[PDB]
Amino acid sequence: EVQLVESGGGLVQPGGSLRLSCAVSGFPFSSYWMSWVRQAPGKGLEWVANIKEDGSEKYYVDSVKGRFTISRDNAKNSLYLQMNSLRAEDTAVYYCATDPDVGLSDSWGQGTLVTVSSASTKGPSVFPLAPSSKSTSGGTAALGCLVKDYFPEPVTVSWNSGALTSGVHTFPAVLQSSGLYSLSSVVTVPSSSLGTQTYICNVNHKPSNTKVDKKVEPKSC
Amino acid sequence: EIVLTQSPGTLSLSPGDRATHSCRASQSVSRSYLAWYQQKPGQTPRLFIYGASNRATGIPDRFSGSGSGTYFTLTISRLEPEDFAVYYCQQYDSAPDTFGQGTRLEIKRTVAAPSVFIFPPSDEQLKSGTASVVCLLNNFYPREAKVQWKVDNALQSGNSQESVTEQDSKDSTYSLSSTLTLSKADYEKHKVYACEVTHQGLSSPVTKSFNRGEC
Ligand code: NA
């Protein structure tokens, strides 16, 4: 299988630096030009830099020239971006991206979010969302988890350890006035199930090494 | 730099329809160096077309690309509900290997009213001094919806936030969460918590409410 696996991103103080890595497999990496592309939250794709097969030529967008360096290690099938003098303007998901002439749809990495901020990592509080019995009126019941007060993005939410996917809606996070994120994840389920099936949300906030599993207990009169 | 300008900014079409995405370049680009990508929300872009007109691996036959010079298109010949995305063009002739600004393709469907649910704050949360009340609008279309919070029949302003899911890949509906944030003190001072929903699929606005403490 083709894979481009990124690491090295995350939270970083303004003025600081990060080293992004991208480990490629499943096609002849050393035969292609490679690039980095970034996407600020809510914005479009922006090409950042590229590099020739053998590393001997490379180009940069003006706003990063002199402070970002693209490099590659063909022996390790890996691409790198060394990023210095970071600013809020650099906050973005960063993708490694193969020359399109590779002709493979899955030719970019999974992305790594770089958040340029002086704030600390903070793990979420996870609270149950259970509607009152009196307010549950017909056949399909909603429940959820509120994932509150974390930083930076992202969090992942699953239900019943990935067993429950139908009817799940994990909302985009919202930034609160506090500067911390909040998200809800809900699932709709048959009312008939509420008695005989447990519903647990599994929340992972990798930036703070926080994992929480919360059992959501239904309400009855 | 070569500037790429995409049109339209937003395109909303039904399954079966032919979708056309345009990409104009400020100077001529060789066919060999124009790509198109599909990006789903929160996901890595996928390469769909390379060299102006070649399909990447795994790309269905309903996607095609064409053009030369300063005008290029991506076509979806027969739209499917899973095709919602932002589509970007990119030139890779000369650095910077610029992207266009994207065309957002949304899938049209027939009108669908939301189902509305309301969740009180948990006792766990109240221990911390804040109360979050959540209103869910589930599986509706179109996206536009008005949500109003009332507390003991008083309209709230400035203390709620909303977010919306991506379109469902099969049935093209949205869901929306609205969260009202109050102090614990404020929550415990009042009884009736209501979210009122206005949406074109409804015959009349719907209010979902609870009384604090009810089973
Ligand atoms: Na720039």
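Procedures and definitions
Residues numbered from 1 in each chain as written, not as in the entry; some residues may be left out. Chains lettered and ligands numbered in written order. Heavy atoms only, no water. Helix = DSSP H or I, 4+ residues; strand = E, 2+ residues; numbered from the N terminus. Rg over C-alpha atoms; globule rule 2.2 N^0.38 Å. Buried < 20%, exposed > 50% of the residue type's maximum accessible area, 1.4 Å probe, protein only. Contact = heavy atoms within 4.5 Å. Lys, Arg positive; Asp, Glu negative; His and termini not counted. Charge placed at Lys NZ, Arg CZ, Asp CG, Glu CD. Polar contact = N/O pair within 3.5 Å; in protein donor to acceptor, adjacent residues only side chain to side chain. Buried area = accessible area lost by both parts, 1.4 Å probe. Salt bridge = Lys/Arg side-chain N within 4 Å of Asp/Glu carboxyl O. Nonpolar A, V, L, I, M, F, W, Y, C, P; charged D, E, K, R; others polar. Pairing = 2+ DSSP bridges. Domains from an automatic or database assignment. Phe/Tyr/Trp six-rings, centres within 6.5 Å; stacked < 30°, edge-to-face > 60°.

Its PDB header attributes the entry to X-ray crystallography and lists the resolution as 1.40 Å.

A. Geometry of the overall build of chain A. The number of helices and strands found in chain A is 0 helices and 18 strands. The C-alpha radius of gyration of chain A comes to 21 Å, more than 25% above the 17 Å expected for a compact globule of 221 residues. Principal-axis analysis of the C-alpha atoms places the extent of chain A at approximately 70 × 40 × 25 Å. Put simply, chain A has 221 residues, and 50% of those count as buried. When contacts within chain A are restricted to residue pairs at least 6 apart in sequence, long-range pairs at least 24 apart make up 59% of them. In chain A, 18 positive and 17 negative side-chain charges are present, and the distance between their average locations comes to 11 Å.

B. Focus on the side chain of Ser132 of chain A. Residue position: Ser132 of chain A is located in the loop between β11 (125–129) and β12 (140–150). With a relative accessible area of 3%, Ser132 of chain A lands in the buried category. In terms of polar contacts, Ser132 of chain A uses its side chain to reach the side chain of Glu214 of chain B, at 2.5 Å.

C. Structural context of the interface of chain B and chain A. Opposite the 46 residues of chain B that make contact, chain A presents 52 residues. Note on chain B versus chain A: buried area summed over both sides is about 3800 Å², and carbon and sulfur give 63% of it. Its largest share of buried area at the contact with chain A, chain B owes to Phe99, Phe119 and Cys215 of chain B, together 16% of the area lost on that side. Across the chain B-chain A interface, the total number found is 1 salt bridge. Among the salt bridges present, the one from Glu124 of chain B reaches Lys214 of chain A, with a minimum N-O distance of 3.7 Å. At the surface where chain B touches chain A, the tally comes to 17 residue pairs in polar contact. If one sorts the elements of the side of chain B that touches chain A by residue count, strand β11 (residues 130–140) of chain B sits on top with 6 residues. Counted by class, the side of chain B that touches chain A contains 21 nonpolar, 19 polar and 6 charged residues.

D. View of the environment of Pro131 of chain A. Residue position: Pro131 of chain A is located in the loop between β11 and β12. Along the backbone, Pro131 of chain A and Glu217 of chain A are 86 residues apart, and their C-alpha atoms lie at a distance of 9.9 Å. Residues within four places of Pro131 of chain A in sequence aside, it is in contact with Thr136, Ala142 and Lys219 of chain A together with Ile118 and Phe119 of chain B.

E. Layout of the pairing of β11 of chain A. Residues and elements named next belong to chain A. Extensive coverage of β11 is indicated by the burial of 4 of its 5 residues. Relative to β12, β11 is paired through 5 bridges, and the arrangement is antiparallel. Across the sheet, residue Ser125 finds its bridge partner in β12, namely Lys148.

F. Representation of the pattern of salt bridges within the structure. Scanning the model with the defined rule gives 13 salt bridges over all chains in all. Between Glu188 of chain B and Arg212 of chain B there is a salt bridge, with the nearest N and O atoms lying 3.6 Å from each other. Taken as a pair, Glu188 of chain B in helix α2 (residues 184–189) and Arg212 of chain B in the segment after β17 (206–211) lie far apart in primary sequence, 24 residues in all. Each member of the salt-bridge network shares a partner with another, and the members are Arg38, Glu46, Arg67, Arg87, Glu89 and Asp90 of chain A.

G. Focus on the domain arrangement of chain B. All names here are of chain B. Structurally, chain B comprises domain 1 (4–107) and domain 2 (115–211). Each of domain 1 and domain 2 has a C-alpha centre, and the two are 37 Å apart. On the side of domain 2, 8 residues touch domain 1, which itself brings 8 residues to the contact. Across the interface of domain 1 and domain 2, roughly 590 Å² is buried in total on both sides, 45% from carbon and sulfur atoms. Of all residues in domain 1, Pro81, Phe84 and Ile107 bury the most surface against domain 2, accounting for 67% of the area lost on that side. For the interface between domain 1 and domain 2, the tally reads 0 salt bridges. At the surface where domain 1 touches domain 2, the tally comes to 2 residue pairs in polar contact. Taken together, the residues of the side of domain 1 that touches domain 2 sort by class into 4 nonpolar, 2 polar and 2 charged.

H. Expanded view of the environment of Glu124 of chain B. Topologically, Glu124 of chain B is positioned in helix α1 (residues 123–126). For the pair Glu124 of chain B and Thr75 of chain B, spaced 49 residues apart in the sequence, the C-alpha separation amounts to 52 Å. Not counting the four nearest positions on each side in its chain, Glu124 of chain B is found in contact with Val126, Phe127, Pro128 and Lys214 of chain A.

I. Local environment of the packing of aromatic side chains. Residue and element names in this part refer to chain B. Under the defined criterion, the tally for this structure stands at 16 aromatic pairs over all chains. Centroid distance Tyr33 to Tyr92: 5.6 Å. Interplanar angle 80 degrees. Geometry classified as edge-to-face. Here the residue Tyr33 occupies a position in the loop between β3 (19–29) and β4 (34–39), and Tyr92 occupies one in the loop between β8 (85–91) and β9 (103–107), the gap between them amounting to 59 residues. Between the aromatic rings of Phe140 and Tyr174, the centroid separation amounts to 6.4 Å while the plane-to-plane angle is 40 degrees, which identifies the pairing as tilted. Linking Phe140 in strand β11 with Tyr174 in strand β15 (residues 174–183), this pair joins segments that are 34 residues apart in sequence.

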